[PDB]
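Structure file input.txt (compact mmCIF, C-alpha atoms) is printed below.
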```
# COMPACT_ATOMS: atom_id res chain seq x y z
CA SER A 1 -22.07 8.27 -22.82
CA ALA A 2 -19.83 10.83 -21.12
CA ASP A 3 -18.42 9.80 -17.73
CA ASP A 4 -15.60 10.46 -15.28
CA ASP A 5 -12.52 8.46 -16.27
CA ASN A 6 -10.66 9.93 -13.30
CA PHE A 7 -11.86 7.12 -11.05
CA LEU A 8 -10.71 4.49 -13.55
CA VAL A 9 -6.96 4.05 -14.00
CA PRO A 10 -5.89 6.91 -11.67
CA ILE A 11 -3.08 9.17 -12.86
CA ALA A 12 -1.28 8.89 -9.51
CA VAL A 13 -0.41 5.44 -10.85
CA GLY A 14 1.97 6.84 -13.44
CA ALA A 15 3.70 8.98 -10.83
CA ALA A 16 4.26 5.94 -8.63
CA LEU A 17 5.75 4.04 -11.56
CA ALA A 18 8.35 6.74 -12.18
CA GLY A 19 9.24 6.72 -8.48
CA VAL A 20 10.07 3.01 -8.58
CA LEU A 21 12.21 3.43 -11.67
CA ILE A 22 14.18 6.16 -9.92
CA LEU A 23 14.95 3.86 -7.01
CA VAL A 24 16.33 1.28 -9.41
CA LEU A 25 18.70 3.83 -10.92
CA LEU A 26 20.10 4.71 -7.53
CA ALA A 27 20.84 1.04 -6.86
CA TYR A 28 22.69 0.95 -10.17
CA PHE A 29 24.55 4.11 -9.16
CA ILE A 30 26.06 2.30 -6.17
CA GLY A 31 26.99 -0.72 -8.28
CA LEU A 32 28.82 1.52 -10.71
CA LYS A 33 30.93 2.99 -7.92
CA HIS A 34 33.07 6.07 -8.55
CA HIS A 35 36.29 5.44 -10.46
CA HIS A 36 39.48 6.08 -8.49
CA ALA A 37 41.60 8.99 -9.74
CA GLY A 38 44.71 6.99 -8.86
CA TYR A 39 44.34 5.03 -12.10
CA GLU A 40 45.36 6.90 -15.24
CA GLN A 41 42.69 6.57 -17.92
CA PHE A 42 44.08 5.86 -21.38
```

Please, can you express the file's structure as structure tokens?
Amino acid sequence: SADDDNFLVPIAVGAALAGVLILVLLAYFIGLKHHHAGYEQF
């Protein structure tokens, strides 16, 4: 019974998921904050 699976579980869904994950990373980026060069790293 061949049918169109395009309607069911649309691919665009996966693309949206990746987009959300990217946003989370950016939030983490801010939390990390750039390290000051004033401090001498061991």

### Coordinates-based distance that separates atom CA of residue A:4 from atom CA of residue A:21 (Å, one decimal)
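It comes out at 28.9 Å.
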
### Message
Just the number, please: distance in Å from atom CA of residue A:22 to atom CA of residue A:10, one decimal.
### Response
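So the answer is 20.2 Å.
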
### Query
To one decimal place, how far is atom CA of residue A:35 from atom CA of residue A:23 in Å?
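Straight-line distance from atom CA of residue A:35 to atom CA of residue A:23 works out to 21.7 Å.
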
Box centre and edge lengths (Å, one decimal), axis-aligned, stretch 3-10 of chain A plus 6 Å each side, as JSON:
```
{"center_x": -12.2, "center_y": 7.3, "center_z": -14.4, "size_x": 24.5, "size_y": 18.4, "size_z": 18.7}
```

Completion step: stretch 1-20 of chain A with N, CA, C and O atoms as a CSV table (one decimal), in the coordinates of the input:
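And here is the file that came out, rebuild36.csv:
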```csv
chain,number,residue,atom,x,y,z
A,1,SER,N,-21.9,8.5,-24.3
A,1,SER,CA,-22.1,8.3,-22.8
A,1,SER,C,-20.9,8.9,-22.1
A,1,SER,O,-19.9,8.1,-21.8
A,2,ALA,N,-20.9,10.2,-21.8
A,2,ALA,CA,-19.8,10.8,-21.1
A,2,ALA,C,-19.8,10.4,-19.7
A,2,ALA,O,-20.8,10.3,-19.0
A,3,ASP,N,-18.6,10.2,-19.1
A,3,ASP,CA,-18.4,9.8,-17.7
A,3,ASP,C,-17.1,10.3,-17.2
A,3,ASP,O,-16.2,10.8,-18.0
A,4,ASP,N,-16.9,10.1,-15.9
A,4,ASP,CA,-15.6,10.5,-15.3
A,4,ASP,C,-14.6,9.3,-15.3
A,4,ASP,O,-14.8,8.3,-14.7
A,5,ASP,N,-13.5,9.5,-16.1
A,5,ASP,CA,-12.5,8.5,-16.3
A,5,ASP,C,-11.4,8.6,-15.2
A,5,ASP,O,-10.5,7.9,-15.2
A,6,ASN,N,-11.6,9.7,-14.4
A,6,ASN,CA,-10.7,9.9,-13.3
A,6,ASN,C,-10.6,8.8,-12.3
A,6,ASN,O,-9.5,8.4,-11.9
A,7,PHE,N,-11.8,8.2,-12.0
A,7,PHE,CA,-11.9,7.1,-11.0
A,7,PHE,C,-11.1,5.9,-11.6
A,7,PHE,O,-10.4,5.2,-10.9
A,8,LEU,N,-11.3,5.6,-12.9
A,8,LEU,CA,-10.7,4.5,-13.6
A,8,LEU,C,-9.3,4.8,-13.9
A,8,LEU,O,-9.0,5.9,-14.4
A,9,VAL,N,-8.4,3.9,-13.7
A,9,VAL,CA,-7.0,4.0,-14.0
A,9,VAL,C,-6.5,5.4,-13.5
A,9,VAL,O,-6.3,6.3,-14.4
A,10,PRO,N,-6.3,5.6,-12.3
A,10,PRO,CA,-5.9,6.9,-11.7
A,10,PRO,C,-4.5,7.3,-12.2
A,10,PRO,O,-3.6,6.5,-12.4
A,11,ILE,N,-4.3,8.6,-12.4
A,11,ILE,CA,-3.1,9.2,-12.9
A,11,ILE,C,-2.0,8.9,-11.9
A,11,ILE,O,-0.9,8.5,-12.2
A,12,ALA,N,-2.3,9.1,-10.6
A,12,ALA,CA,-1.3,8.9,-9.5
A,12,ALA,C,-0.5,7.6,-9.7
A,12,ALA,O,0.6,7.4,-9.2
A,13,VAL,N,-1.1,6.7,-10.6
A,13,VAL,CA,-0.4,5.4,-10.8
A,13,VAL,C,0.9,5.7,-11.6
A,13,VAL,O,1.9,5.0,-11.4
A,14,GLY,N,0.8,6.6,-12.6
A,14,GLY,CA,2.0,6.8,-13.4
A,14,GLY,C,3.1,7.5,-12.6
A,14,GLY,O,4.3,7.1,-12.8
A,15,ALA,N,2.7,8.3,-11.7
A,15,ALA,CA,3.7,9.0,-10.8
A,15,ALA,C,4.4,8.0,-10.0
A,15,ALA,O,5.6,8.0,-9.8
A,16,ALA,N,3.7,7.0,-9.5
A,16,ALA,CA,4.3,5.9,-8.6
A,16,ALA,C,5.2,5.1,-9.4
A,16,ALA,O,6.3,4.7,-8.9
A,17,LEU,N,4.9,4.9,-10.7
A,17,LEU,CA,5.8,4.0,-11.6
A,17,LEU,C,7.1,4.7,-11.7
A,17,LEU,O,8.2,4.1,-11.7
A,18,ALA,N,7.1,6.0,-12.0
A,18,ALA,CA,8.4,6.7,-12.2
A,18,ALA,C,9.2,6.7,-10.9
A,18,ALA,O,10.4,6.6,-11.0
A,19,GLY,N,8.5,6.8,-9.8
A,19,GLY,CA,9.2,6.7,-8.5
A,19,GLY,C,10.0,5.4,-8.3
A,19,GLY,O,11.2,5.4,-7.9
A,20,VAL,N,9.4,4.3,-8.7
A,20,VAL,CA,10.1,3.0,-8.6
A,20,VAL,C,11.3,2.9,-9.5
A,20,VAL,O,12.3,2.4,-9.1
```
